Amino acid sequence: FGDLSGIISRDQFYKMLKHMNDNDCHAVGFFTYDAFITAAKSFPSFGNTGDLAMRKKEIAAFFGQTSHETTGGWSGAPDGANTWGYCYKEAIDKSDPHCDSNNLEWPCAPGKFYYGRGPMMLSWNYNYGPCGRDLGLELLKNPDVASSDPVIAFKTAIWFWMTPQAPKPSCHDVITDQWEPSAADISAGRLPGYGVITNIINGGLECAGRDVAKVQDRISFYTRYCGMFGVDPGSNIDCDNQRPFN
């Protein structure tokens, strides 16, 4: 129980991530199926909640979102932009420390930068802190471990997926039909669906029509992957008519 090898095979993993080992990509040989499988064993509920179709849809949504975060695709890329997931393992621009001091719980270590790392492009002291505590890693003091070890990389992404950050539910709860939207969520058009997941991850900079291009890219990866798993993507897939969470 908690081994996802029966739900997603090695062959499906590398077909999804068709171009991640290409010359045009940057984390060649870094993200492996073995690493993903190992990481997932640490979050037993992930990919093991609901019936077969639900389990597959969770994996499709997780890869849809992380593919976008790490994408190196472009219009006219070989086999389509939605085949270029996992091309990066961290932010290109590493100049910003990403240290937030408002309502500070999580100390920034001097000379350390909390730019995007790993499949979810985990950023900011207020993510590295609780993630490191939950995983037993000193991620604040050494945030580069999240991009030097593929299992750790995946564990940071799955941690993010599984962890609610009020008022946002976990991505896991949304995709497994466990999230009960508040009446504010409903009046805001945040209905359960992949669109809310986009909203959780980066809604402030993308949803309500703020960046249609990025949202469309998230959706293209997701629908491709759903087609490969033979599951239905569902409704409320877009977030252009949703207010961001805050």
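All residue numbers are counted from 1 along the displayed sequence.
Annotation for 220 to 228 versus 16 to 24: the higher mean temperature factor (C-alpha) is found in 16 to 24.
A summary of the deposited B-factors shows that, of 66 to 74 and 179 to 187, the stretch with the larger mean C-alpha value is 179 to 187. Of the candidates 170, 156, 125, 103, the one whose C-alpha carries the top B factor in the deposited record is 103. Ranking 87, 108, 121, 152 by Cα temperature factor from the entry places 108 first. Placement of the Cα temperature factor of residue 143 within the chain: highest third of the modelled residues, per the deposited record.
Split the chain's modelled residues into thirds by C-alpha temperature factor. Residue 129 is in the middle one. Split the chain's modelled residues into thirds by C-alpha temperature factor. Residue 192 is in the middle one. The deposited CA B-factor of residue 165 belongs to the highest third of values across its chain. Split the chain's modelled residues into thirds by C-alpha temperature factor. Residue 59 is in the lowest one.
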